[PDB]
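Numbers restart at 1 for each chain; the letters A, B, ... are given by sequence-line order, proteins then strands.
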Amino acid sequence: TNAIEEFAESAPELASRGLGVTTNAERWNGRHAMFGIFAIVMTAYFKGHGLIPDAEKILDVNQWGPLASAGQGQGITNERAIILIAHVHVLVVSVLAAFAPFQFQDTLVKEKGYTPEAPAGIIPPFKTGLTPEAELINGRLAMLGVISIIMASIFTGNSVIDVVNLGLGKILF
Amino acid sequence: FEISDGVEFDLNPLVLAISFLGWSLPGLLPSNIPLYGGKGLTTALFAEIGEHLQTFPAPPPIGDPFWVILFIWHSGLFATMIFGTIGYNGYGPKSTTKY
Amino acid sequence: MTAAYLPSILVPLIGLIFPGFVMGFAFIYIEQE
Amino acid sequence: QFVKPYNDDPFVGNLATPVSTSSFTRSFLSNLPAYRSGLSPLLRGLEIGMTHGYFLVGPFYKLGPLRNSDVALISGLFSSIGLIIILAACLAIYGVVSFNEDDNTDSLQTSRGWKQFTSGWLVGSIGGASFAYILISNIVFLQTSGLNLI
Amino acid sequence: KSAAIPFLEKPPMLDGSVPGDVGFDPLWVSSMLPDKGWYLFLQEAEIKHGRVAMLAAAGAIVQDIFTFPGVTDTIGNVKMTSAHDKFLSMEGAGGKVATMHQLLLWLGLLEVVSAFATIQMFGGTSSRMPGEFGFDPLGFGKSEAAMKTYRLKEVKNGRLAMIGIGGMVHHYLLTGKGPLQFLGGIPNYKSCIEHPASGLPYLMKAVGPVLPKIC
Amino acid sequence: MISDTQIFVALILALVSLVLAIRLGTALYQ
Amino acid sequence: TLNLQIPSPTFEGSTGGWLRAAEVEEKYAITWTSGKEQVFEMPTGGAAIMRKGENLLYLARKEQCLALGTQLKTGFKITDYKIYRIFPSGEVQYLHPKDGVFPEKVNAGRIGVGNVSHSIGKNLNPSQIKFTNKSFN
Amino acid sequence: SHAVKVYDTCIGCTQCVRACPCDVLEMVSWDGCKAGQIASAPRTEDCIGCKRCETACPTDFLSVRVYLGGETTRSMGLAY
Amino acid sequence: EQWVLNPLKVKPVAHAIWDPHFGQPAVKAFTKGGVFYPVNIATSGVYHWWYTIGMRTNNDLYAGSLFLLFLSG
Ligand code: CLA
Ligand code: CLA
Ligand code: CLA
Ligand SMILES: CC1=C(C#C/C(C)=C/C=C/C(C)=C/C=C/C=C(C)/C=C/C=C(\C)C#CC2=C(C)C[C@@H](O)CC2(C)C)C(C)(C)C[C@H](O)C1
Ligand SMILES: CC1=C(C#C/C(C)=C/C=C/C(C)=C/C=C/C=C(C)/C=C/C=C(\C)C#CC2=C(C)C[C@@H](O)CC2(C)C)C(C)(C)C[C@H](O)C1
Ligand SMILES: CC1=C(C#C/C(C)=C/C=C/C(C)=C/C=C/C=C(C)/C=C/C=C(C)/C=C/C2=C(C)CCCC2(C)C)C(C)(C)C[C@H](O)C1
Ligand SMILES: CC1=C(C#C/C(C)=C/C=C/C(C)=C/C=C/C=C(C)/C=C/C=C(C)/C=C/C2=C(C)CCCC2(C)C)C(C)(C)C[C@H](O)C1
Ligand SMILES: CC1=CCCC(C)(C)[C@H]1/C=C/C(C)=C/C=C/C(C)=C/C=C/C=C(C)/C=C/C=C(C)/C=C/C1=C(C)CCCC1(C)C
Ligand SMILES: CC1=CCCC(C)(C)[C@H]1/C=C/C(C)=C/C=C/C(C)=C/C=C/C=C(C)/C=C/C=C(C)/C=C/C1=C(C)CCCC1(C)C
């Protein structure tokens, strides 16, 4: 609350529109982090089961232009390109939702006179169901899980996919 | 039809017809020069249109008489169109300005 | 994920995204009452 | 005779000329989406974006870096999408900067009206680019500009 | 409110007067455009899709039943979308038949006229209702109550046909079988029949590499 | 020879310096 | 006061006239009486015919209005030209012949604004007026 | 707006007032010069900064000085 | 590390080039450092400077960069 108000004072432009450190930003980032944990699980499954075609094939620079060449004389693999385009799909959905939101949906950028949602605090009420409390709880948990997964991958030396698999118990692959 | 804010304009297509005939009937005057063949300007244009319609997608090659005939015929036609509209609207039956 | 990917990951960012966002935000700031 | 003062006002910085105030000109301008009557700012944006994203795919498709490749059309569509996003961003920043939050009832010169216009323009532009992509990918005459008939 | 979905708010545009309106519009598509004619345009789109789908489903079934004299001799034994592809393969510049092109020509005249009609309806200038082309030779729907019952029946059967024809097309793409065959064979993937390429080959890219290809 | 972990430590220090630069920019803008 | 019913000098139109800024911020006007129908030069460009009697003209800038007034005074012998400024609210104000007599000749009632009680050499230095509110005067 | 100032050196020639394309300078009464008149700058908000007043000044160092300050529509002479 | 062995023969490279506008001819033309990717050859003399200072490995340069980041902070 104090931090929220102080930020509203420091950066009136972002806070007035709902950007920055706000409850709306927390909710949106929790949404994206949950979707991202799902995406990591799904890519783990696909890579483990070999569902990605020509995963280790290096894209041709002659066909796909200089963009197909990586930083240090390396080539982007078909798997990386496929996953990137999969992300491009949801990114275009994102741009369309942000500029032209559904009438019922929550908007990324809030109006000038919008009423900020009440800061939940330590934990929202445990309202079990498709509730805005459950959404925030699971979004916070997913964001923390993303950070923990990256840190475990860097520390233990395993891949992010390997760490997700290990944690899930090797059910994925 | 208003040519401007409140100025009306007849836009009679019979002026177009008369100017077209005024330029095209003289164009029938034949010439034995290679460009025209033996025929006149209008007839040569018609012949070229048919000849290059037979070969539709392919354009008349550079150096074909078609381009020169087209340019000359349309230059004269546009000149006659301008003069005919001038005559019909300024020297015509309902003009106001003494030109 | 190796460091060799970092140029291809970053140069488009630093050269098209950072300038675009900076220009938009600075535009909003300079023309603002 | 044909050139006169604008709106019968001799001292306004304009002249009434055939190009500026003819019947055809007035009809065309008043029937374009930016001026037609009854359209919402959203529908204006939809029509305009549809019309613009269509023509955008061609220049990119036929003259872009990957034009002699097998991915020329997809590359073209992608580059059109990028330009459309950039222009939508331009529209959004222009709206937030120029129009203050007073409500003039969606007249396209309001914050809400311009937001609707830019949203519609984005949607219509992406849709038109996709439609052009489909038509080009499926019709040979468009991929060859008619050089299939030769 | 939505009767269809008892736990979701009815969209404002769905008053319930429109035939077939049970309050089902979870994405609030009816409210996407503030213009008055938007909902009417959506209704006309639904009617048109339902009609085309009903005809397409009936055509798939009847083509399975029997074929017109000489079509077998012309296009072989191709079925469903492959017949469209075959006719178009023979409809080249140096081609004899113009089946699909003739169909497109006449339906396109009808469709440009219908485009003007729907423009007028959208603008509010015309009093035409969505899907009303004045086609009623037998006068089934002359009575307003009869017109309403028949409109509901038409929209319902159109939705069912819209689902069914898509099912039929995808079944044919998978198994090379028409509707009546696919109905007959249940372990269809055992008796799958050969089928020419769709004409949109890229859409089956993931069928084998990413997706299972039980055949 | 320079490992990804090393590049990541460098990036983390860069991020800390960016945060401090934003703080200094705010304090100077006042 | 200004009467908005005075006819105008039958100008044929130009692209040098006022623009949207005239409708949004400020629009100047000039009124003058002419003994006959002469041809004068618009400050925006082109020729215009002034009427026999009162003539009202709209411009975008006070400098344009005053240039037209100077033309009338020197070329012709019209010196009853009055200049006004109009805001979108309808707040027409009176500017030239401010006190009814042109500024070039002294008139009783004016108060000196911006007059200094020394020569320019007596101005203070910026070092002397630095970090202070003093004025270089 | 530009800051226009007049000094004791004024001789009342009035040429500064007559040279101004706007109406920023006017003659007022004075006792420090033979003419009995001094220039004054009441409508300084209309000043454009042309310095025509400065040009039309006969005193060794100018009695009228224009110090160009903040710019506005009128100062910039923007008809748009 | 390969410049501190034959500093009079090896050209010192400043940084790698990643430009999506380069053609294959340009990528090849800029792979002169024996590094297998396009590069810029330094003209600042930092190589000679650091070699004289006592820098021999890339880890030395990396530690210096870490310290200078810490000092900027
Ligand atoms: C320094 C940064 C930078 C970067 C990273 C790039 C990158 C690119 N430029 Mg270059 N460009 C730059 C600066 C840069 N440019 C500058 C300063 C100029 C002005 C002289 C140009 C002028 C220029 C031209 C004239 C062209 C390029 C093109 C290209 C492309 C390389 C060739 C190719 O095959 O791609 C092409 C293949 C593709 C599949 C393109 C996909 C691009 C996606 C859609 C980008 C995503 C945009 C994003 C969503 C917008 C966010 C906006 C936000 C910041 C507000 C590539 C996207 C070529 C091109 O095709 O561009 C479209 C091209 O024709 N550039
Ligand atoms: C100020 C020094 C400096 C300069 C001029 C450059 C220049 C470059 N770096 Mg960067 N870089 C720097 C420091 C610097 N770097 C440091 C300290 C690190 C370690 C964290 C990196 C790590 C790094 C990587 C991993 C990569 C680059 C890359 C690049 C290239 C493209 C830009 C980019 O992607 O930046 C991205 C930079 C970062 C994500 C972090 C570093 C940002 C620095 C600290 C900003 C400093 C700003 C400066 C002090 C003040 C600005 C002044 C203002 C007026 C604008 C370019 C040659 C990319 C490339 O393609 O290389 C060939 C690339 O892959 N750099
Ligand atoms: C419903 C399913 C379906 C599907 C998936 C396809 C798929 C296909 N059809 Mg189509 N087709 C269908 C039904 C379908 N068709 C039916 C029912 C018919 C009979 C009417 C046809 C008749 C048909 C023909 C005749 C041809 C195709 C072709 C094609 C291919 C390219 C289509 C394309 O790019 O369109 C993109 C274009 C459009 C969707 C329409 C463009 C409309 C323009 C922009 C408006 C112009 C207005 C104009 C002024 C109208 C005046 C009226 C005029 C008719 C006189 C593709 C495989 C072409 C091909 O080569 O296939 C191998 C082809 O030549 N189809
Ligand atoms: C994953 C993924 C994706 C993704 C994603 C996204 C959007 C991921 C977003 C991740 C985010 C936003 C992570 C934020 C983490 C914040 C943390 C850990 C804060 C910790 C604070 C602490 C410990 C504290 C504290 C404190 C204590 C102790 C007590 C307090 O009194 C004081 C104090 C505040 C100091 C995408 C969508 C790209 C798809 C992709 O395919 C995969
Ligand atoms: C308007 C009008 C008139 C008229 C008229 C006309 C001509 C009216 C024509 C109406 C028609 C043709 C209606 C057709 C409906 C078809 C449906 C609902 C199909 C559903 C298929 C399904 C569910 C399926 C499926 C399946 C799938 C998925 C896969 C398959 O393997 C199996 C299976 C088959 C089960 C008349 C003449 C009266 C005059 C009047 O004055 C004006
Ligand atoms: C299914 C589905 C979707 C979905 C979805 C959703 C709703 C996905 C939600 C995903 C969520 C909520 C993921 C949470 C992950 C949490 C982790 C990894 C926590 C780690 C915690 C740690 C390590 C804590 C450590 C801590 C412990 C133990 C003790 C204390 C200290 C410490 C050591 C720090 C979509 C949106 C993608 C759409 C799709 O069509 C359908
Ligand atoms: C001719 C031709 C071709 C063609 C073609 C054609 C004609 C293709 C036609 C394709 C069609 C009609 C596809 C339909 C798909 C329908 C779906 C997925 C419905 C889902 C409904 C759901 C989930 C409903 C859910 C329902 C809802 C909403 C609410 C509650 C109830 C519940 C049951 C849950 C090609 C492509 C082969 C190319 C060739 O060159 C030429
Ligand atoms: C001035 C002049 C002089 C000489 C004669 C000439 C004719 C050249 C004339 C000039 C003519 C000119 C400039 C013509 C240009 C025409 C243009 C740019 C036409 C553009 C047409 C655009 C079209 C169809 C767009 C179709 C888009 C569609 C369906 C989009 C649909 C969709 C949307 C909108 C959103 C969701 C996705 C979905 C459903 C796909
Ligand atoms: C690498 C890694 C490991 C595991 C965990 C983790 C998630 C952190 C992961 C990801 C790390 C990431 C994404 C790090 C990102 C690095 C970034 C954004 C680096 C950028 C650094 C930028 C710097 C210095 C900029 C310095 C700018 C300065 C002085 C500007 C000076 C100034 C100017 C120009 C104007 C006046 C004010 C001021 C401040 C004097």
Side-chain angles (χ1 to χ4, degrees), chain G residues 15-28 43-45 58-71 73-74 81-83 85 93-99 101-123 135-137, chain H residues 1-10 12-30 32-33 35-50 52-54 56-57 59-67 72-80:
Chain G
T15 61
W18 54 263
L19 293 155
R20 178 175 170 283
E23 319 169 54
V24 175
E25 283 134 23
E26 275 162 7
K27 180 169 63 174
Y28 296 73
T44 75
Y58 284 114
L59 288 154
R61 294 218 300 123
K62 199 194 183 198
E63 185 177 347
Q64 300 168 318
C65 285
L66 278 155
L68 180 45
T70 300
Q71 149 166 240
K73 163 161 62 59
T74 58
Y81 62 91
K82 291 156 199 58
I83 308 185
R85 171 195 294 139
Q93 324 186 324
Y94 182 56
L95 304 77
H96 214 48
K98 187 59 190 301
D99 312 346
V101 45
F102 288 120
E104 85 251 16
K105 50 188 298 196
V106 66
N107 160 291
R110 300 164 173 169
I111 298 90
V113 184
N115 281 16
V116 169
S117 301
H118 51 70
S119 43
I120 285 167
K122 315 302 181 177
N123 282 122
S135 163
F136 72 113
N137 308 127
Chain H
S1 313
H2 308 328
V4 170
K5 265 150 202 328
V6 185
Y7 294 91
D8 284 359
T9 297
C10 272
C13 86
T14 83
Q15 312 291 357
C16 83
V17 172
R18 308 171 105 98
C20 169
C22 318
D23 195 357
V24 177
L25 307 168
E26 78 188 353
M27 303 308 302
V28 306
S29 208
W30 204 39
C33 72
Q37 32 190 357
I38 184 161
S40 86
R43 294 164 294 283
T44 193
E45 78 280 359
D46 290 1
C47 164
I48 47 165
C50 63
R52 280 197 208 165
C53 76
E54 287 198 355
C57 178
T59 73
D60 206 324
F61 204 51
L62 307 169
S63 293
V64 57
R65 288 296 267 161
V66 191
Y67 307 90
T72 61
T73 304
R74 297 205 278 249
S75 304
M76 291 230 83
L78 304 179
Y80 60 87

Cation-aromatic face contact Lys27(G)/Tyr58(G), 6.0 Å, 45 degrees
yes
In terms of heavy-atom pairs under 4.5 Å with chain G, which of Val17(H), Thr73(H), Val4(H) leads?
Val17(H)
Among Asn123(G), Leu95(G), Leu59(G), which residue has the highest count of heavy-atom pairs closer than 4.5 Å to chain H?
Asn123(G)
Excluding sequence neighbours, so at least two apart, what forms side-chain contact (heavy atoms from CB on, under 4.5 Å) with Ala67(G)?
none
Taking side chain as everything from C-beta outward and backbone as N, CA, C, O, which of these in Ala39(H) sits under 4.5 Å from a heavy atom of chain G? Side chain, backbone, both or neither.
backbone
With a 4.5 angstrom heavy-atom cut-off, which part of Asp46(H) approaches chain G: side chain, backbone, both or neither?
side chain
Side chain, backbone, both or neither: which part of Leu25(H) has an atom under 4.5 Å from a heavy atom of chain G?
backbone
Contact class of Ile111(G) relative to chain H, heavy atoms under 4.5 angstrom:
backbone
Leading residue by heavy atom contact count with chain H [cutoff under 4.5 Å; candidates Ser117(G), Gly69(G), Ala22(G)]:
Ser117(G)
Is the closest side-chain heavy-atom distance between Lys5(H) and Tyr67(H) below 4.5 Å?
yes
Below 4.5 Å, heavy-atom pairs only: which of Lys98(G), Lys122(G), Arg85(G), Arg20(G) has the largest tally toward chain H?
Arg85(G)
Out of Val28(H), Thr44(H), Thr9(H), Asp23(H), which one racks up the most heavy-atom pairs below 4.5 Å with chain G?
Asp23(H)
Might you work through the salt bridge (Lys or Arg N to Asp or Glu O under 4.0 Å) test for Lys62(G) and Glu26(G), ending with a clear yes or no?
CA-CA 10 Å; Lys62(G) 199 194 183 198; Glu26(G) 275 162 7; over 6 Å; no
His96(G) vs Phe102(G) side-chain heavy atoms within contact, under 4.5 Å:
yes
Should we count OH of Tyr80(H) as having more than 12 external heavy atoms under 6.0 Å?
no
Pick from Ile120(G), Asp99(G), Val106(G) with the largest number of heavy-atom pairs that fall under 4.5 Å of chain H
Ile120(G)
Who pairs with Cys57(H) by side-chain contact (heavy atoms from CB on, under 4.5 Å), at least two apart in sequence or on another chain?
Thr59(H), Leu62(H), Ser63(H), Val64(H)
